[PDB]
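Topology and contacts: notes
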Amino acid sequence: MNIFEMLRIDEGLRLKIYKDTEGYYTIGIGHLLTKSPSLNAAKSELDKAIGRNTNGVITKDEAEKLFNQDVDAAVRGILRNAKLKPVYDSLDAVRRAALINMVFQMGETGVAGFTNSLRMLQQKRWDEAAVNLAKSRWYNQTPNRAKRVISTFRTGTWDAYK
Ligand SMILES: [Cl-]
Ligand SMILES: [Cl-]
């Protein structure tokens, strides 16, 4: 398993504009288009991202292309972030993927916000970090996904995804 396969499981794939768990317009593999309520505004962001008149539909390759860009951006964003980078550097390969997943979902700022959990992770106090990560809006809103990521930080294996 790897980051791409993990995220593809968490996000799924939809080739037509849809609303995310928060009611925001998205497409592909979790690619947010806009937080605006307007479907036009979403179509417009979509065509600009794809570079063609899409009419709200994209092909699989186009979705995969946004996905690759988005996983890259998340990695680079973690590495540029003063609060995230040291955590990322202290982790093993599996757990690094869990951190990337969270940033992909909630953005670098949102994640940087979990100050207490970040320190626990950096200290390698797995069980404690898992308990702390669970006291969050994140966990209460998308519990099954949150559980899978949490379990990954707890175990350092991909079992939650098996
Ligand atoms: Cl984009
Ligand atoms: Cl969920």
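Now for a description of the structure that goes with this document.

Structurally, the position occupied by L7 is in helix α1 (residues 3–11). For the pair formed by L7 and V71, sequence separation is 64 residues and the distance between their alpha carbons is 9.1 Å. Every residue in contact with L7, bar those within four places of it in the chain, is listed here: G12, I29, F67, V71, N101, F104 and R145.

This part is about the packing of helix α5 (residues 93–112) against helix α9 (residues 143–155). At their nearest, the axes of α5 and α9 sit 8 Å apart, and the two run at 150° to each other. One way to sum up the angle between α5 and α9 is to call them roughly antiparallel. As α5 packs across α9, the resulting crossing turns out to be left-handed. Along the contact surface, α5 presents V94, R95, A98, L99, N101, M102 and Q105, while α9 presents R145, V149, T152, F153, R154 and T155. Considered class by class, the residues forming the contact of α5 with α9 number six nonpolar, four polar and three charged.

Quick look at α9 now. Along its 13 residues, α9 runs 18 Å from first to last C-alpha, staying within 8% of the 18 Å computed at 1.5 Å per residue. For α9, the set of buried residues is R145, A146, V149, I150, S151, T152 and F153. Here the buried face of α9 lies against α1, α5, α6 (115–122), α7 (126–133) and α8 (137–141). Positive phi appears at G156, one or two residues downstream of α9, with a value of about 75°.

Along a regular strand, successive side chains alternate from one face of the sheet to the other. Sheet topology places strand β1 (residues 14–19) next to strand β2 (residues 25–28); three bridges connect them, and they run antiparallel. Opposite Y18, over in β2, you have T26 as the bridge partner. Between the end of β1 and the start of β2, which pair antiparallel, lie five residues, with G23 showing a positive phi angle near 80°.

Parameters and conventions
Residues numbered from 1 in each chain as written, not as in the entry; some residues may be left out. Chains lettered and ligands numbered in written order. Heavy atoms only, no water. Helix = DSSP H or I, 4+ residues; strand = E, 2+ residues; numbered from the N terminus. Contact = heavy atoms within 4.5 Å. Axes fitted to C-alpha atoms, helices over the stretch in contact; angles between N-to-C directions. Parallel < 35°, antiparallel > 145°, perpendicular 65-115°, else oblique. Left-handed = near helix turned anticlockwise from the far one by under 90°. Nonpolar A, V, L, I, M, F, W, Y, C, P; charged D, E, K, R; others polar. Expected span 1.5 Å × (residues − 1). Buried < 20%, exposed > 50% of the residue type's maximum accessible area, 1.4 Å probe, protein only. Pairing = 2+ DSSP bridges.

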